[PDB]
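Taking the form deposited in one PDB entry, here's one chain by itself in structure tokens.
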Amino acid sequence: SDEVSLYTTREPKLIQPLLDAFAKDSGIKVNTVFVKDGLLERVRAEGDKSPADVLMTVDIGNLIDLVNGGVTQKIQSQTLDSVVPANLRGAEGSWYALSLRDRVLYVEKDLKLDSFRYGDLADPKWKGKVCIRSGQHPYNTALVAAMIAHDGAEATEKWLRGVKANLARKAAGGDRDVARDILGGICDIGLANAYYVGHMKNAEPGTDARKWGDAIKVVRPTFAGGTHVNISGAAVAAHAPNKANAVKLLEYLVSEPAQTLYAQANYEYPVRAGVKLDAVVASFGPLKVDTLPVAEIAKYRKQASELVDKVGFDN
């Protein structure tokens, strides 16, 4: 009755403040396990006696590995059912989106560039000018997976090769390192999540993070077609010892107060309507979402990852 356990790939500073707010509101302690990756391996290796209640990812692919991997159970909740859009959830409560995010182009603030198509990143004119993290990170495999859904595996492999040839340094680091390396003059552009820009641009003045943020502007590419969007999402673990408290945490996270935190503290987009965005995030302009369902993007996640490997993307 007294606690709940969260296993997640989320950044602690990007989830802790609303677990704190939940505990302070509910009286329910949130035990916490953060993981770089391998969420399915840890949950399945712990077996029947696993303490896991809630499993939280920052990628639909990752989320569906868990559902289709047999380590989840269905959720029955009128609140999640009424609040979360039917295009951003699993059938009969198998999984739910909690926030939205878009993978966009970081651009040196003074570069002339109003528009971008995702395909443009392969264009030879960007040679030696692109920064990106590992092509095997879920943010990217999902993006690659959507491109497979739009253009086929042949065109996607070709794009990956063009992108790899355009890279200014090795595909590694995190999303923030794109803004860093743009400030350092290593690259002029790079693919990364816009919510980090909101996080960096609001950072303490004088800090590196702040300088990175003030170096760049956001350009949202479209598919040659809207901007690619992914989710943070959760499922309840198959043998959750605290299922009721697990559902309570998820219901709390889709509430207006918590979705405000997603907007104003995480700089993401809420799944719930009527929540105001952060002023900096609002300044990127209106978001035109890719029509492709997130569950459809997940279809090609495995092929996406093989293609990234095939081209030796991180070499």
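Numbering starts at 1 and follows the sequence shown. Rigid core here is just the name for the largest C-alpha set that superposes within 1.5 Å across the two forms.
Heads up, the form deposited in another entry isn't pictured, but that's what we're talking about next.
Only one of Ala215, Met200, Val84, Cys187 has its Cα shifted by 2 Å or more between the shown form and the other one after fitting on the core, and that residue is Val84. Superposition of the core reveals a Cα shift of less than 2 Å for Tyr300 between the shown form and the other one. The two forms, fitted on the rigid core, differ between the shown form and the other one by 2 Å or more at the CA of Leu98. Here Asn166 does not count as shifted, since its C-alpha moves by less than 2 Å between the shown form and the other one after the core is aligned.
In summary, the C-alpha positions of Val43 and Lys302 diverge in the other form, ending up at least 3 angstroms farther from each other than in this conformation. Figure legend: C-alpha atoms of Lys158 and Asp37, shown here, are separated by at least 3 angstroms more in the other form.
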